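Note sheet for the following structure.
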Amino acid sequence: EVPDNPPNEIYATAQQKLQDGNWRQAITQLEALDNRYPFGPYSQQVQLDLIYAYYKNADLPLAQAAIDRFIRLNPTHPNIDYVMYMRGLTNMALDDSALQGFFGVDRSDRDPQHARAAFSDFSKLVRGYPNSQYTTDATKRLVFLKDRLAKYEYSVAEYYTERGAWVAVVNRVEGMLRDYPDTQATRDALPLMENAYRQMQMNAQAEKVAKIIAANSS
Amino acid sequence: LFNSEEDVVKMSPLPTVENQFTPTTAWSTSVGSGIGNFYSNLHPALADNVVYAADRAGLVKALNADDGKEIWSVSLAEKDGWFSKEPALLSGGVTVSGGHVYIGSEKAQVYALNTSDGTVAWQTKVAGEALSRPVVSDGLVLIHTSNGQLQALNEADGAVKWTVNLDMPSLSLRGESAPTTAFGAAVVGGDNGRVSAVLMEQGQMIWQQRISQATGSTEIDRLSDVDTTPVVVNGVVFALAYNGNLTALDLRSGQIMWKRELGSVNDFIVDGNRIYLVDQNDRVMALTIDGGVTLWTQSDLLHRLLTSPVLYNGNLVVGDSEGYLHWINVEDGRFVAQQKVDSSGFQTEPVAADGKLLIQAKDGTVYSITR
Amino acid sequence: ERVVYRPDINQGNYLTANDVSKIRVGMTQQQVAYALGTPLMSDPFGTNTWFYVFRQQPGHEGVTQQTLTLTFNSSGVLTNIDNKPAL
Amino acid sequence: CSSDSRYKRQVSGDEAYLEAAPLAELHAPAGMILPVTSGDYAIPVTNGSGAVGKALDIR
Amino acid sequence: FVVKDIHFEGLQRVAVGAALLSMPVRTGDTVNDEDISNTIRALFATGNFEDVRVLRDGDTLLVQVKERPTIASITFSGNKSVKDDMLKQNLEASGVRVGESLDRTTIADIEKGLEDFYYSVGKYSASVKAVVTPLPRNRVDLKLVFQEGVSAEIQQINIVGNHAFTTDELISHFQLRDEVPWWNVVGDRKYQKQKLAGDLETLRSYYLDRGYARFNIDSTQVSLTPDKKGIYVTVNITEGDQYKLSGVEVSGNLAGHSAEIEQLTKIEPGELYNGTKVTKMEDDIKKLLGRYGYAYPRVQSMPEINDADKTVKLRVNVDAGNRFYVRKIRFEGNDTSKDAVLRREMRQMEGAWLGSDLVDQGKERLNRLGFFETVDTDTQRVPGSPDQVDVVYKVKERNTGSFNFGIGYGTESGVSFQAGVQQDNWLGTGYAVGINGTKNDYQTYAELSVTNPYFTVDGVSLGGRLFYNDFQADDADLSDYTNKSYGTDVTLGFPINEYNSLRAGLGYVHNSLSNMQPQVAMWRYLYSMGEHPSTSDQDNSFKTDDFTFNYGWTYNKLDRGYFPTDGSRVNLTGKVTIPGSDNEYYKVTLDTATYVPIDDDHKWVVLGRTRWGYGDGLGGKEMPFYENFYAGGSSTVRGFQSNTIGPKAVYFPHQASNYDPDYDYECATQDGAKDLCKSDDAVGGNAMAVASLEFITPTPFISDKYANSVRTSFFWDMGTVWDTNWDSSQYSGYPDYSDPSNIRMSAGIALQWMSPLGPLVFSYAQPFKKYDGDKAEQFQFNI
C-alpha cells in the first residue's frame, strides 16, 4: 500500500520497519515514497533499502526489479556496487526452489540460466566496481559459479556417456574445457573425452589426452 | 426474472404526443413484411394512382391508390439461383418509369418490371450492390453503388453505358448518395465526407469536393442516416457531408455558397428556404437556403428513429422506425396529429403522392395515410 | 544378452561416398568446407583433423560406424582422408 | 527431534558459494593445451576485498 | 532585461533546475520579452506545467506555474465485461497512467482511443468519458465512465461473383455464422472483424481445394448501417473456373531424394486442383528433407495455371539445406529436474543430421511425461555453418506433490488419520515416488511405491512396492475383523515396443487375521481354504502367506501425461500364485483409457474408461474375498458411498465377536440381531464389469489463467460386480449375484481442478439405479 505521510515521514517509516525487519511494511512505506515522491531524492536510497527489504523478505525477484530500477534510475551511482552485487546475489538465489540442496541433488545438474546470469552480475560487480567491499565476495561466488555449471555440464557429459554419442561427449568436455580449466570435473572429464575417443577408436587421440591425463595427473 | 441480465445505453421516447387534428390511415393494404427488419435501401413508389408495392420476398404489387386494391402482381423470388426459389432480396428502390419498374436486387440485379403487370421487362446485373435508389433518367440507370460505382444502363434494356467508381468509402459506410440528375451534371454526394459533380452525359467528374469528416481515422456516427444525396436545385448544389454536415456549394466548381457544417443532420428537405430536418437527436429544425439560418426548432422528436420530414395535409409529417407518425407544425414543431398506425416502424419515407401518404414499413406494410 | 526388444542408438556426422569424391588430400579446409562444410569434431589442440564420425547401434548385436577424419595440415592443406569403418 | 541428519535444517541451498574453492587445472603438454580460458567461466577476477557474505553491507 | 533569479513553483515532476533549462529566461541569460513568451511555450513543452506565467520583478524573473503531473489514480466505472487494463492500455497507448502528467486537452483523445477500442472490439455502441477528479498538490484522478449500449453483430453476408456455391452454404463452412433456432441450438453469437479475414481465407481455401485457381475475392463491403448494430456484408469475388491439377514440374536442389520427393508429388494429372494439398506436399518434402537433415528445405511451388483447358501444371522449386544441422542441443527449465532424465526423454542425438520428428518424438515422450506444464524448446540456428543448430530445450515443468484426503476427526480426539504424498518423479531425478498409508485407532497401514523408470537406461522401471497393514479395527482389542497384512511386490517394466510394454512382478501376500466375521461369503472362502471355523462367532484366525506372480502389459498410444486427449492406452494387469503360496489363486484385471475427439477442437472428447477382471482359485481354492472386485462412491462410480458395487455379505446367526460393544459394532451377535444379519456394503465379487463415459467440457466464465490445466467432465457411472462363488444355495435368502446383471448406476459431473498439488477431482453424481443395498453419498470429492 501507500501510507502517505510527509516524504521524510514516509522515509522514516520506510526506514523504521527495515530496522524492525518488517520488510512487508517497509516495502509498503518504501512504496509510500516512490509512488508519492518518485522525484524524491532518496528514491534511489529507497530502491537500495527495498533490496534490503525485498531480498530479506524473500522477495528476490522484486529485489531484482528494484535492482534494475536503481540501474535504470542511476546508470551511474557509487551504490550500484551494492546493487550489482545484489543483482547476481538475486540471480544465484533465483536458483533455490526446493530442498534438493540437502539431498546432494543440489542445483548443479539443473537449470543454470539465472546462475549464468549471476555469473555476469557478480563479475559485473568485480569488473564494473572493483573498488567494492563486495568484490572478493562475488569473486568467491564466481569461484563456485563456474563449478555449478561444470558439474551441470558434467551432468550433460555424464548423459551422453550414458547415451554413448561419443561425438557429442567430446564436445561437452570441450565446452567443459574451453570455459573452465580450474575445475577438477574437467580433469574428471579428461578420461571421458579420452573414453569417447577410444569408443570411436581414437586411442591415439585418446593417448594425446592420456598425455594430458599424464600431465594432469599432476 | 429478466431484471438483471442485460445492459444497454439511453434512448429517448416520443414526447409531446398531440393529435388535436385526428390522423388515420386511408387504407392499410399491407404487403407482407416490406423492407423487412433487415436493412435495405429499397423504397416503394406511389405513382399514377397505382401503389407500385413489393417485398424483398418477391411479391411485387400494383395496388390501387384508393384502397390498396391489387391492380397487378408478380413474384420476383429468384427461382433458379443457388438455393431453389430464393426470395427477391431487393436492394434498390421501386423506380417506376416507362414500361419499367426499375428495382435493384441484392442479387446484384436491377430488374425493370413492366408496369402493366410487373413482369421484368428487362433485367441486368449491377456492379456491387445498389447503395443508392435507382435514379433512372436520360436513358441511364444512375446508381451510386456499394462499390461506389456510377452506373448508367440503357434503361430500355439495361445496356451499361458506363460504370465509374466514384467516392467509395473505406468500408460500406452507409449513407445514400443517390446520383441526382441536374443541369447537365451527375450530382452525387460522397460517404468519404465529400460531394461531387460528375458529367451527367458520360460520367466525367466535374469536381469532387471533400466537405467534412467520415469514418476511417475520424470515427463518426454509424446510426446517422445522413442524406448525402444532393437534392439539386440550381448552380448552388445543396447536400450533406457524410458526418451530417450540410453544405450549399457551387455546382460547377464545388465552392461553398453556404454551409451547416454542424451536427449530424440525417434527413433533409429543401422547401425553398425552409429546410426541415431530422437531427441526430431527431430534433426537427427549419433552416434557410440563405445560410442554414434556423427558422424554428423542435425536439419533440427526441432520440427517435425518424423518416424524412414532409409537408402533407398542411403539416410537416414525420414518421419513425418506432411506428409512430407525427404531424409537426410547418412552423415551430407543434404536433397537430400523431398516428400510431404502426409499431413495426417506418423504415421508408412517406410518399405524399396520389392524394395519399404512403409508407410500406418493415412489417407495418403499405400504409396510405390520411387524417 | 537375452532381450527380444532393442531400440537404436543413432547419430550421423558422416560423409557420403559423394563427399569423399568432392575432395582430395591437399584440398584445404575451406576448400573442403565448401564441399563438406565444417566437421562436428576437429583436432581441438593440434592440427586440423576434421572428424566426421558416424556412430550407430542397429539393435541388440552389431554396431555401425563411419569414422571419417580429415587431417589437414597447419596450412589448411589436407594430408589425410581417413575414412575409417566401424570398430 | 532424533535425526541422523539434522532434522530442522534441510533448506533449499546453502552458503557454499561463500565456501567455494577453485580446483585443479591444466598442466597439459604443448600442442595438447586447449584454449581452456576462452569461456567466461575462467572467472574474470578483480579484487579489492572488503567483507563477504552477511558481513557485507545493506543500504 | 536580465534575470537575477527565477521563482520555480508548482512543478511536481520537473525539478527546479530542470525547469530552468527549459526556461530561456534561465538565470544569467539575457531576458527578452520574447524569451518571456518563449518561456511560456517551452515550459508548456515540458508537458508538465499546466499554466506558465512568466513575469519579472523589473527583470528579476518569476514564473507562476500550476502543473500537469501526478495522476494519483485512474478509476473505471461501467465496463462490466471489458477489462479496465485494456481500457488503460489505450490510456497507456496515450502515454498516460497513474503518476503521469495529465493534459486536460487529451481527455477526449483517451475517449477516442476508448471508442476506437470500442470500435475495434466489436462494438461502437458505447460511450466513454474521462472524469478529471482534482487531487492535492496538483493531482488528478482519471475516473472513466462506460455507458455500453451494444456490440455490433453480423446480419447478412452477400457474396457476388460466387456462382457455384450457395452463400448460405458458404456460411456453413465459415466462422461468421448466425441462427440459433429451437430446431438446432448452437449457442449465441456475435461479430469480430478478425473473423472476416479468416473467412476470406476460409473461402480462399474453399475454392483452392476445388480447382478454382483463378479464384479471387474482388472486395468486400461491410455495411456501416444506420442502426449501429447492423453488420451487412457485401463481398465481391471472382469464382475462378476450376482448374485440373495436370502434373508437377518439381525440381531444384532435390538433395538426391528426387524420387522420394516424387512419392510426395504422386498426384493425379487432371484431378481438380487442390493447392492446399500442394501446400502440404511441399511440407511433405520439408518433413522428408527435414528428417533427412535439411533444416532449411526451401520448397517453392508454382502452379502453371493453364486456363486454355482449365488446368494447372505445377513448377516446384526445391532447395534443401545441409544435413548435419544437429551440432548439439541445450536444455533449460529444469531447475528441480535433472537434465539427463529429460535428455533421455529425447530421440534426436547430437552429432547427427536432423531428424525433423525426433525432436517432437522426444517431446511427445516429454508430453507423455506429464510432469511438465509446457514442453517446448528453442531450435537455435547457430550461424557460422549449416552444420550448426543448437536446440535449446526450454520447457515449463509442472508442480510436484499430490496428497489424498480422508479423515475421521483428529487432534481433538485420538489421532486417527489417512495420509499419503506422491512426489511426481521425485526431484525430477528419475524416481517416480508415490507413498501412502494410514495409522488409526483402527489400523496401522504403511505402503511404498517408488519407480526408477531408468534404473537401467533401456527403460527398466524399477517399481518397488511394499506394505504393512496392521489393520486391527478395534472394538476394544481385536474383536471385529483384525488383520495384520504385510509383504512385498517389486515390479519391473521393460520396453517391448515404443507403444507396447509388458509388466511383471512377484507378490508376497502375508496376512495375519483374527476373529473372523459371521458374514457367510468369508466362510465359503475359508471352507475352500480347508478351514472350517465357527460361523456363529468371531474367534477365528487366518495366518496366510501367499506368494503370487504378477504380470501385465501397457499399450502406449495417447497424447500426453499432463493433459492427454487422443488415442488409447490398454494397460493389462494380472496375478497368479506359485508353488509355495499359502493360497492358490489367480486374478486378471482389464481397464481401458480410450480418447476419442467428438469435438476435434477437443473441448469435447470421448474419454472411454472401463473396468474388467476375473479371478478365482488356482486349483482347490478360491480367490480371496478381499481380492474381489468393488466399485461405487469412492471409485470410478460415484454418487454412492464406499464400495456399493459387489455382492452383499450376510452375517451368520452369531453369538460373540469375543467382544461385542454395548449394542455397537453389531455383527448378528447375542448382543443384538440374534439371527442372520445382512449388510449392504459390497463385500466384493470375483468378476468386475464397470464402465463410465467421460466427456471434456469447456468453461465459459473461467479465465484461461487457470482454465488450461483444468477440465470439466460429465459421466454416467454404472456397473456390476458379482461373485461366481456367491451361490444361491442358502444365499437364496440373501441378495444373489452369480451373473453380470447387477446393474448399479449413477450419473453426474466431475470437476478436475489442478491445484498447486496437482489435480484434485471433485464431483457430484446422482444414483437413479441402485442394485441391492447401495449407500449414497451424492457429493463426492476425490483427488
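Following the order of the C-alpha cells, first chain is A, next is B, and so on, with residues numbered from 1 inside each chain and ligands from 1 in the order they appear.
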If the cut-off is 12 Å, can you tell me the residues of chain C near chain A, counting only C-alpha atoms? I'd like them as an mmCIF file with N, CA and C atoms, in the first residue's frame.
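File out_11.cif, as written:
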```
data_model
loop_
_atom_site.group_PDB
_atom_site.id
_atom_site.type_symbol
_atom_site.label_atom_id
_atom_site.label_comp_id
_atom_site.auth_asym_id
_atom_site.auth_seq_id
_atom_site.Cartn_x
_atom_site.Cartn_y
_atom_site.Cartn_z
ATOM 1 N N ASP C 8 17.309 -48.184 -31.189
ATOM 2 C CA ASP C 8 18.569 -47.960 -31.879
ATOM 3 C C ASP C 8 19.205 -46.638 -31.473
ATOM 4 N N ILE C 9 20.476 -46.703 -31.050
ATOM 5 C CA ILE C 9 21.309 -45.531 -30.806
ATOM 6 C C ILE C 9 21.803 -45.017 -32.146
ATOM 7 N N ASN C 10 21.556 -43.737 -32.418
ATOM 8 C CA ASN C 10 21.638 -43.225 -33.776
ATOM 9 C C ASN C 10 22.259 -41.832 -33.767
ATOM 10 N N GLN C 11 23.444 -41.709 -34.364
ATOM 11 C CA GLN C 11 23.943 -40.376 -34.690
ATOM 12 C C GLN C 11 24.720 -40.375 -35.998
ATOM 13 N N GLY C 12 24.565 -39.305 -36.760
ATOM 14 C CA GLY C 12 25.257 -39.138 -38.012
ATOM 15 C C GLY C 12 26.596 -38.476 -37.841
ATOM 16 N N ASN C 13 26.734 -37.272 -38.401
ATOM 17 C CA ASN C 13 28.020 -36.667 -38.750
ATOM 18 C C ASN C 13 28.864 -37.670 -39.538
ATOM 19 N N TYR C 14 28.355 -38.026 -40.705
ATOM 20 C CA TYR C 14 29.104 -38.913 -41.574
ATOM 21 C C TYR C 14 29.602 -38.107 -42.757
ATOM 22 N N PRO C 39 33.412 -29.889 -39.820
ATOM 23 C CA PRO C 39 33.136 -31.168 -39.172
ATOM 24 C C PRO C 39 32.305 -30.920 -37.932
ATOM 25 N N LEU C 40 31.829 -31.971 -37.281
ATOM 26 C CA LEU C 40 31.265 -31.814 -35.949
ATOM 27 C C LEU C 40 32.272 -32.251 -34.890
ATOM 28 N N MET C 41 33.541 -32.358 -35.295
ATOM 29 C CA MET C 41 34.678 -32.634 -34.429
ATOM 30 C C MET C 41 35.960 -32.346 -35.198
ATOM 31 N N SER C 42 36.822 -31.520 -34.617
ATOM 32 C CA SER C 42 38.146 -31.286 -35.171
ATOM 33 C C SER C 42 39.168 -31.590 -34.084
ATOM 34 N N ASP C 43 40.434 -31.714 -34.488
ATOM 35 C CA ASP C 43 41.527 -31.900 -33.542
ATOM 36 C C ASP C 43 41.675 -30.638 -32.705
ATOM 37 N N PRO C 44 41.306 -30.662 -31.426
ATOM 38 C CA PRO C 44 40.991 -29.414 -30.724
ATOM 39 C C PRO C 44 42.190 -28.714 -30.105
ATOM 40 N N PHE C 45 43.380 -29.297 -30.222
ATOM 41 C CA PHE C 45 44.556 -28.631 -29.681
ATOM 42 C C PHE C 45 45.710 -28.642 -30.672
ATOM 43 N N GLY C 46 45.692 -29.588 -31.604
ATOM 44 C CA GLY C 46 46.793 -29.739 -32.529
ATOM 45 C C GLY C 46 46.459 -29.265 -33.925
ATOM 46 N N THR C 47 46.489 -30.185 -34.886
ATOM 47 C CA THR C 47 46.243 -29.855 -36.285
ATOM 48 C C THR C 47 44.755 -29.737 -36.582
ATOM 49 N N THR C 49 42.450 -31.878 -37.811
ATOM 50 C CA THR C 49 41.880 -33.168 -38.179
ATOM 51 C C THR C 49 40.363 -33.151 -38.081
ATOM 52 N N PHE C 51 37.155 -34.493 -38.005
ATOM 53 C CA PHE C 51 36.494 -35.768 -37.760
ATOM 54 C C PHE C 51 35.042 -35.647 -38.200
ATOM 55 N N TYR C 52 34.627 -36.527 -39.101
ATOM 56 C CA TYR C 52 33.228 -36.714 -39.475
ATOM 57 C C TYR C 52 32.915 -38.162 -39.118
ATOM 58 N N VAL C 53 32.439 -38.377 -37.894
ATOM 59 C CA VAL C 53 32.368 -39.710 -37.307
ATOM 60 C C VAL C 53 30.921 -40.138 -37.150
ATOM 61 N N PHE C 54 30.529 -41.143 -37.916
ATOM 62 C CA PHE C 54 29.206 -41.727 -37.810
ATOM 63 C C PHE C 54 29.243 -42.795 -36.731
ATOM 64 N N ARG C 55 28.194 -42.860 -35.915
ATOM 65 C CA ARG C 55 28.087 -43.864 -34.867
ATOM 66 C C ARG C 55 26.640 -44.313 -34.768
ATOM 67 N N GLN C 56 26.411 -45.611 -34.915
ATOM 68 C CA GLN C 56 25.036 -46.078 -34.829
ATOM 69 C C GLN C 56 24.957 -47.496 -34.295
ATOM 70 N N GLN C 57 23.977 -47.745 -33.443
ATOM 71 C CA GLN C 57 23.753 -49.076 -32.915
ATOM 72 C C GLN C 57 22.482 -49.646 -33.524
ATOM 73 N N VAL C 63 27.200 -53.136 -34.546
ATOM 74 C CA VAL C 63 27.324 -51.689 -34.405
ATOM 75 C C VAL C 63 27.783 -51.125 -35.745
ATOM 76 N N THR C 64 27.176 -50.013 -36.134
ATOM 77 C CA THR C 64 27.508 -49.388 -37.401
ATOM 78 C C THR C 64 28.141 -48.019 -37.180
ATOM 79 N N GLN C 65 29.255 -47.794 -37.862
ATOM 80 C CA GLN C 65 30.041 -46.608 -37.567
ATOM 81 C C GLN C 65 30.885 -46.257 -38.779
ATOM 82 N N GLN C 66 30.900 -44.976 -39.132
ATOM 83 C CA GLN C 66 31.815 -44.490 -40.163
ATOM 84 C C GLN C 66 32.599 -43.329 -39.563
ATOM 85 N N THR C 67 33.800 -43.637 -39.094
ATOM 86 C CA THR C 67 34.695 -42.649 -38.513
ATOM 87 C C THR C 67 35.555 -42.070 -39.628
ATOM 88 N N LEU C 68 35.161 -40.924 -40.171
ATOM 89 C CA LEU C 68 35.981 -40.264 -41.175
ATOM 90 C C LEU C 68 36.699 -39.110 -40.494
ATOM 91 N N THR C 69 38.023 -39.084 -40.605
ATOM 92 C CA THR C 69 38.818 -37.965 -40.123
ATOM 93 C C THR C 69 39.506 -37.315 -41.310
ATOM 94 N N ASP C 82 41.006 -40.120 -43.827
ATOM 95 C CA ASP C 82 40.942 -41.370 -43.070
ATOM 96 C C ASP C 82 39.482 -41.775 -42.917
ATOM 97 N N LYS C 84 37.647 -44.259 -41.906
ATOM 98 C CA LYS C 84 37.807 -45.482 -41.140
ATOM 99 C C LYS C 84 36.436 -46.073 -40.804
ATOM 100 N N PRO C 85 36.259 -47.386 -40.982
ATOM 101 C CA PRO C 85 34.946 -48.013 -40.759
ATOM 102 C C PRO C 85 34.557 -48.184 -39.298
ATOM 103 N N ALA C 86 33.511 -48.977 -39.070
ATOM 104 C CA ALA C 86 33.128 -49.387 -37.726
ATOM 105 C C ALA C 86 34.250 -50.156 -37.048
ATOM 106 N N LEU C 87 34.314 -50.017 -35.722
ATOM 107 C CA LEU C 87 35.367 -50.560 -34.856
ATOM 108 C C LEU C 87 36.761 -50.110 -35.291
#
```
*Any idea what's packed within 8 Å of range 215-220 of chain B, counting only C-alpha atoms, ignoring anything in its chain fewer than 6 positions away? Could you give it as a list in words?*
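Here the qualifying residues turn out to be residues 170, 173, 192 and 243 of chain B; 116 of chain E.
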Residue neighbourhood residue 31 in chain B, 12 Å, only C-alpha atoms, exclusion window fewer than 6 positions, as a tab-separated table (two decimals) with N, CA, C and O atoms, in the first residue's frame:
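The file below, out-v2.tsv, is the result:
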```tsv
chain	number	residue	atom	x	y	z
B	44	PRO	N	-40.81	1.89	-51.71
B	44	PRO	CA	-41.93	1.73	-52.64
B	44	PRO	C	-42.25	3.04	-53.36
B	44	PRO	O	-42.01	4.13	-52.86
B	51	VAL	N	-50.39	1.94	-56.48
B	51	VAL	CA	-49.44	1.67	-55.42
B	51	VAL	C	-48.52	0.56	-55.90
B	51	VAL	O	-48.84	-0.63	-55.76
B	52	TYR	N	-47.39	0.95	-56.48
B	52	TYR	CA	-46.40	0.01	-57.00
B	52	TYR	C	-45.66	-0.57	-55.80
B	52	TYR	O	-44.56	-0.15	-55.47
B	53	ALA	N	-46.29	-1.54	-55.15
B	53	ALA	CA	-45.80	-2.10	-53.91
B	53	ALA	C	-45.02	-3.38	-54.19
B	53	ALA	O	-45.02	-3.89	-55.31
B	54	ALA	N	-44.36	-3.89	-53.15
B	54	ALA	CA	-43.45	-5.01	-53.30
B	54	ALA	C	-43.07	-5.58	-51.95
B	54	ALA	O	-43.53	-5.10	-50.90
B	55	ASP	N	-42.24	-6.61	-51.99
B	55	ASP	CA	-41.39	-7.02	-50.89
B	55	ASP	C	-40.13	-7.66	-51.44
B	55	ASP	O	-40.08	-8.09	-52.60
B	56	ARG	N	-39.10	-7.75	-50.60
B	56	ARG	CA	-37.88	-8.46	-50.94
B	56	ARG	C	-38.07	-9.98	-50.93
B	56	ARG	O	-37.14	-10.71	-51.31
B	57	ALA	N	-39.22	-10.46	-50.49
B	57	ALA	CA	-39.60	-11.86	-50.68
B	57	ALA	C	-39.93	-12.19	-52.12
B	57	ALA	O	-39.71	-13.33	-52.55
B	58	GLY	N	-40.43	-11.23	-52.88
B	58	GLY	CA	-40.75	-11.47	-54.27
B	58	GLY	C	-42.02	-10.82	-54.75
B	58	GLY	O	-42.07	-10.30	-55.87
B	59	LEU	N	-43.03	-10.78	-53.89
B	59	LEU	CA	-44.37	-10.43	-54.35
B	59	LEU	C	-44.49	-8.94	-54.59
B	59	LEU	O	-44.73	-8.15	-53.68
B	60	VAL	N	-44.31	-8.56	-55.86
B	60	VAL	CA	-44.31	-7.17	-56.27
B	60	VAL	C	-45.72	-6.84	-56.75
B	60	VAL	O	-46.29	-7.58	-57.56
B	61	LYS	N	-46.26	-5.75	-56.24
B	61	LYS	CA	-47.67	-5.44	-56.36
B	61	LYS	C	-47.88	-4.21	-57.23
B	61	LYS	O	-46.98	-3.39	-57.41
B	62	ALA	N	-49.07	-4.11	-57.77
B	62	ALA	CA	-49.67	-2.83	-58.07
B	62	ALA	C	-50.96	-2.80	-57.28
B	62	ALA	O	-51.86	-3.61	-57.52
B	63	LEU	N	-51.05	-1.90	-56.33
B	63	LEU	CA	-52.28	-1.76	-55.58
B	63	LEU	C	-52.94	-0.47	-56.02
B	63	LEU	O	-52.28	0.44	-56.53
B	68	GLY	N	-55.83	0.19	-51.90
B	68	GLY	CA	-54.92	-0.94	-51.97
B	68	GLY	C	-55.55	-2.12	-52.65
B	68	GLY	O	-55.32	-3.27	-52.25
B	69	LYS	N	-56.38	-1.87	-53.66
B	69	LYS	CA	-56.92	-2.93	-54.49
B	69	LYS	C	-55.85	-3.36	-55.48
B	69	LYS	O	-55.34	-2.54	-56.24
B	70	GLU	N	-55.56	-4.66	-55.49
B	70	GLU	CA	-54.49	-5.23	-56.29
B	70	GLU	C	-54.70	-5.07	-57.79
B	70	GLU	O	-55.56	-5.73	-58.37
B	73	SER	N	-49.90	-8.12	-59.98
B	73	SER	CA	-48.99	-8.77	-59.06
B	73	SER	C	-48.04	-9.65	-59.86
B	73	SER	O	-48.42	-10.21	-60.88
B	359	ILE	N	-46.43	4.75	-46.79
B	359	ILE	CA	-45.27	4.07	-46.24
B	359	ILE	C	-45.55	2.58	-46.24
B	359	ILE	O	-46.56	2.12	-45.71
B	360	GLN	N	-44.63	1.82	-46.82
B	360	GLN	CA	-44.52	0.40	-46.52
B	360	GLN	C	-43.39	0.25	-45.51
B	360	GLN	O	-42.22	0.46	-45.85
B	361	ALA	N	-43.75	-0.09	-44.28
B	361	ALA	CA	-42.75	-0.22	-43.24
B	361	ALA	C	-42.11	-1.60	-43.27
B	361	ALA	O	-42.24	-2.36	-44.24
B	362	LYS	N	-41.40	-1.92	-42.19
B	362	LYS	CA	-40.78	-3.23	-42.06
B	362	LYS	C	-41.83	-4.32	-41.99
B	362	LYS	O	-41.76	-5.31	-42.72
B	363	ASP	N	-42.83	-4.15	-41.13
B	363	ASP	CA	-43.99	-5.03	-41.17
B	363	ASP	C	-45.26	-4.22	-40.99
B	363	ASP	O	-46.37	-4.75	-41.10
B	364	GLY	N	-45.11	-2.92	-40.73
B	364	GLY	CA	-46.23	-2.02	-40.91
B	364	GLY	C	-46.45	-1.65	-42.36
B	364	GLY	O	-46.44	-0.47	-42.71
B	365	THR	N	-46.64	-2.65	-43.20
B	365	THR	CA	-46.51	-2.52	-44.63
B	365	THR	C	-47.74	-1.83	-45.18
B	365	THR	O	-48.69	-1.64	-44.42
B	366	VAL	N	-47.80	-1.70	-46.51
B	366	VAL	CA	-48.12	-0.45	-47.20
B	366	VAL	C	-49.24	0.30	-46.50
B	366	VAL	O	-50.36	-0.20	-46.36
B	367	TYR	N	-48.94	1.51	-46.05
B	367	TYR	CA	-49.86	2.33	-45.29
B	367	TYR	C	-50.08	3.63	-46.03
B	367	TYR	O	-49.22	4.52	-46.02
B	368	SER	N	-51.23	3.74	-46.66
B	368	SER	CA	-51.74	5.02	-47.12
B	368	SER	C	-52.24	5.74	-45.89
B	368	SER	O	-53.00	5.17	-45.11
```
Compute the chain A side of the contact with chain E at 8 Å, counting only C-alpha atoms, and hand it back as a PDB file with C-alpha atoms, in the first residue's frame.
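The resulting file, selection16.pdb, is reproduced below:
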```
ATOM      1  CA  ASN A  35       4.578   6.375  -5.572  1.00  0.00           C
ATOM      2  CA  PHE A  39      11.034  12.644  -7.716  1.00  0.00           C
ATOM      3  CA  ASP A  95      18.200 -20.874  -8.179  1.00  0.00           C
ATOM      4  CA  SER A  97      13.391 -23.534  -5.281  1.00  0.00           C
ATOM      5  CA  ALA A  98      13.261 -26.814  -3.384  1.00  0.00           C
ATOM      6  CA  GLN A 100      17.375 -30.753  -3.233  1.00  0.00           C
ATOM      7  CA  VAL A 105      20.671 -33.430  -5.674  1.00  0.00           C
ATOM      8  CA  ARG A 107      21.172 -27.390  -8.368  1.00  0.00           C
ATOM      9  CA  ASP A 109      22.678 -30.508 -12.640  1.00  0.00           C
ATOM     10  CA  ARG A 110      19.733 -28.170 -13.040  1.00  0.00           C
ATOM     11  CA  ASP A 111      18.552 -25.040 -14.887  1.00  0.00           C
ATOM     12  CA  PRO A 112      21.539 -22.671 -14.898  1.00  0.00           C
ATOM     13  CA  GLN A 113      20.184 -19.582 -16.631  1.00  0.00           C
ATOM     14  CA  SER A 155      25.919 -33.991 -15.939  1.00  0.00           C
ATOM     15  CA  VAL A 156      25.447 -33.475 -19.668  1.00  0.00           C
ATOM     16  CA  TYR A 159      24.410 -38.194 -20.026  1.00  0.00           C
ATOM     17  CA  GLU A 162      25.291 -42.984 -20.908  1.00  0.00           C
ATOM     18  CA  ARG A 163      23.807 -42.198 -24.313  1.00  0.00           C
ATOM     19  CA  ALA A 165      27.015 -40.498 -28.544  1.00  0.00           C
ATOM     20  CA  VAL A 167      30.823 -37.459 -30.988  1.00  0.00           C
ATOM     21  CA  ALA A 168      28.814 -35.373 -28.522  1.00  0.00           C
TER      22      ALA A 168
END
```
Wanna dump the chain D-chain C contacts at 9 Å for me, each residue with its shortest atom pair and the distance in Å to one decimal, counting only C-alpha atoms, ordered by chain and number, as JSON lines?
```
{"residue": "D:30", "atom": "CA", "partner": "C:45", "partner_atom": "CA", "distance": 8.9}
{"residue": "D:31", "atom": "CA", "partner": "C:46", "partner_atom": "CA", "distance": 5.4}
{"residue": "D:32", "atom": "CA", "partner": "C:45", "partner_atom": "CA", "distance": 5.0}
{"residue": "D:33", "atom": "CA", "partner": "C:45", "partner_atom": "CA", "distance": 5.8}
{"residue": "D:34", "atom": "CA", "partner": "C:45", "partner_atom": "CA", "distance": 5.0}
{"residue": "D:35", "atom": "CA", "partner": "C:45", "partner_atom": "CA", "distance": 8.0}
```
For C-alpha atoms, I'd like the residues from the last selection saved as a PDB file, in the first residue's frame.
```
ATOM      1  CA  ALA D  30      52.404 -28.352 -25.506  1.00  0.00           C
ATOM      2  CA  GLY D  31      50.347 -28.737 -28.655  1.00  0.00           C
ATOM      3  CA  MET D  32      47.832 -30.561 -26.438  1.00  0.00           C
ATOM      4  CA  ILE D  33      46.947 -27.406 -24.499  1.00  0.00           C
ATOM      5  CA  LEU D  34      43.478 -26.165 -25.435  1.00  0.00           C
ATOM      6  CA  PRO D  35      42.226 -22.561 -25.092  1.00  0.00           C
TER       7      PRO D  35
END
```
Rows by chain and residue number, chain B within 7 Å of chain E, shortest pair, only C-alpha atoms, as a tab-separated table:
```
residue	atom	partner	partner_atom	distance
B:7	CA	E:149	CA	6.7
B:8	CA	E:149	CA	3.9
B:9	CA	E:149	CA	4.1
B:82	CA	E:166	CA	5.1
B:83	CA	E:166	CA	6.4
B:128	CA	E:236	CA	6.8
B:146	CA	E:221	CA	7.0
B:171	CA	E:221	CA	5.5
B:172	CA	E:223	CA	4.5
B:173	CA	E:224	CA	4.6
B:174	CA	E:224	CA	4.9
B:222	CA	E:228	CA	5.5
B:223	CA	E:226	CA	3.7
B:224	CA	E:226	CA	5.6
B:225	CA	E:226	CA	5.4
```
*Report the residues of range 22-69 of chain C whose backbone DSSP state falls under alpha helix (DSSP H), written as a PyMOL selection string.*
chain C and resi 22+29-33
